[PDB]
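Using the entry's author numbering, read the sequence shown as starting at 1 and increasing by one per residue.
What follows is a short report on a single structure.
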Amino acid sequence: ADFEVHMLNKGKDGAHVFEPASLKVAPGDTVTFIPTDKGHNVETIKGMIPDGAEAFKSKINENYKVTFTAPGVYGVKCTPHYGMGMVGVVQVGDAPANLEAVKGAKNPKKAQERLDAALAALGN
Ligand SMILES: [Cu+2]
Numbered sequence: 001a002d003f004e005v006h007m008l009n010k011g012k013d014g015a016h017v018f019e020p021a022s023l024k025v026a027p028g029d030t031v032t033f034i035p036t037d038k039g040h041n042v043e044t045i046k047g048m049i050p051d052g053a054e055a056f057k058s059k060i061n062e063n064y065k066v067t068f069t070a071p072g073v074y075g076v077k078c079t080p081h082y083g084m085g086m087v088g089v090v091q092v093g094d095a096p097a098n099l100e101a102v103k104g105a106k107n108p109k110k111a112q113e114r115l116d117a118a119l120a121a122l123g124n
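Dropping the structure here:
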């Protein structure tokens with residue numbers, strides 16, 4: 001199954017957002033990060049990806065389709081807007097095994113707030 005995340009300068013959750021900011025998928029599903037507004041990208045957050053996964057980083061303004069295979073939670077950021085909290089979580093499967101490992105990852109405050117909110121939205 002294929003899902004979409006819009007990369008936006010603003011949205012319901014404020015400035016510099018992924019919409020949705022949380023998504024539950026199954027192994028092998030894809031998510032396309034869409035440059036609805038210019039100036040964004042998507043990148044894995046260090047320490048917030050599960051065993052079996054590989055880091056990625058899209059180009060600014062790239063329409064970017066990612067396949068998520070290994071189970072667990074994946075924290076993602078927009079490289080330029082990470083400091084302002086432009087982040088999201090994609091969770092592959094239920095009962096993510098890496099939940100405590102990713103909760104320990106260091107993030108600037110606005111990113112941490114939104115990551116914790118996304119984790120809670122996903123049932124964690
Ligand atoms: Cu951005």
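Note that beta-carbon positions come from the ideal geometry of N, C-alpha and C, so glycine has one too.
Residues bridged to residue i (per DSSP)
{"i": "residue 64", "result": "33"}
{"i": "residue 44", "result": "76"}
{"i": "residue 54", "result": "In the DSSP output, where bridge partners are listed per residue, residue 54 has none listed."}
Check: residue i C-beta below 6 Å from any heavy atom of ligand 3
{"i": "residue 84", "result": "Only ligand 1 can be found as ligands here, which leaves ligand 3 out of the picture."}
Cβ neighbours of residue i in the same chain (closer than 6 Å, five flanking residues each side left out)
{"i": "residue 74", "result": "49 and 90"}
{"i": "residue 121", "result": "22"}
Inter-residue CB distance, residue i and residue j (contact presumed, cutoff 8 Å)
{"i": "residue 44", "j": "residue 56", "result": "6 Å"}
{"i": "residue 114", "j": "residue 83", "result": "Not really, about 12 Å apart at Cβ, beyond 8 Å."}
{"i": "residue 111", "j": "residue 87", "result": "5 Å"}
Residue i Cβ short of 6 Å to ligand 1 heavy atom set
{"i": "residue 16", "result": "yes"}
{"i": "residue 40", "result": "yes"}
{"i": "residue 81", "result": "yes"}
Sequence-distant residues of the same chain with beta carbon closer than 8 Å to residue i, five excluded per side
{"i": "residue 108", "result": "82, 83 and 85"}
Contacting residues, own chain, Cβ-Cβ under 7 Å from residue i (five flanking each side not counted)
{"i": "residue 19", "result": "5, 6, 8 and 11"}
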